[PDB]
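Spelled out from the first residue to the last, the chains are:
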Amino acid sequence: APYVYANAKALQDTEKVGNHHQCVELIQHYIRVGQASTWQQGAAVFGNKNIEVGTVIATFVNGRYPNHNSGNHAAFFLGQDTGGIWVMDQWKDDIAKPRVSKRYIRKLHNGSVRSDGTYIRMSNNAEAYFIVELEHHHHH
């Protein structure tokens, strides 16, 4: 929890924002999280008993946001249960996603991280989501 938008729950039904209506641009409109290429993988979201409503979360692979992967995604955490997580997000599809809105991301059967660091159906895989953190001091 280094980024927590306390009003993330209020975003339901708002107009999509940013220059391309992309998932990262929703976060960036309200919070200066920077470019996703700078993010460091934080604690896992699914199962985490400490994550606060509004925490900025994202898909992470091998410690980093996978810009190279069509399944990359970012969102605001809303809550969780035994079957998945509720997030607040957006993306460019004006038909499936006309507004900023909540959706349920499930823990999939055998959906845990694979040896190469990847996840099946990653953006729709609750286990792919980690808290967005800052690079530590031992980076160069």
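Residues numbered from 1 in each chain as written, not as in the entry; some residues may be left out. Heavy atoms only, no water. Residues with missing side-chain atoms left out of burial classes, pairs and counts.

Per the deposited record, X-ray crystallography is how this structure was determined, to a resolution of 2.05 Å.

Looking up the protein in the PDB entry gives the name Type 6 secretion amidase effector 2, with the organism given as Salmonella typhi. This entry's official PDB title is "Type 6 secretion amidase effector 2 (Tae2)".

Side chains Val56 and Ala58 of strand β2 (residues 56–59) all project onto a buried face; the interleaved residues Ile57 and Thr59 project onto the opposite face, where all are buried too. Inspection of the sheet shows β2 paired to strand β3 (residues 74–81) by 3 bridges, in the antiparallel sense. Residue pairing for β3: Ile57 is matched across the bridge by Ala75. With 3 bridges connecting them, β2 and strand β6 (residues 129–133) associate as antiparallel partners. The residue of β6 that forms the bridge with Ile57 is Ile131. (Buried < 20%, exposed > 50% of the residue type's maximum accessible area, 1.4 Å probe, protein only. Helix = DSSP H or I, 4+ residues; strand = E, 2+ residues; numbered from the N terminus. Pairing = 2+ DSSP bridges.)

This part covers unusual backbone geometry. Positive phi outside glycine occurs at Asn62, with the angle close to 55 degrees. For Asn62, the position within the fold is in the loop between β2 and β3. Under the relative-accessibility criterion, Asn62 is labelled exposed at 60%. Phi is positive for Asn110, which is not a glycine, with a value near 50 degrees. Looking at the element boundaries, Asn110 is found in the loop between β5 (101–106) and β6.

To continue, consider the sheet that holds β6. Ordered by their spatial adjacency, 6 strands build an open sheet running β1-β6-β2-β3-β4-β5, and the pairing between neighbours is antiparallel. With one partner strand each, in any of the chains shown, β1 (40–44) and β5 form the two edges of the open sheet. Adjacent strand axes in the sheet meet at a mean angle of 50 degrees, parallel and antiparallel pairs treated alike. Packing of helix α1 (residues 23–30) onto the sheet brings it into contact with β2, β3 and β4 (84–89), and relative to β3 it is tilted by some 95 degrees. (Axes fitted to C-alpha atoms, helices over the stretch in contact; angles between N-to-C directions. Contact = heavy atoms within 4.5 Å.)

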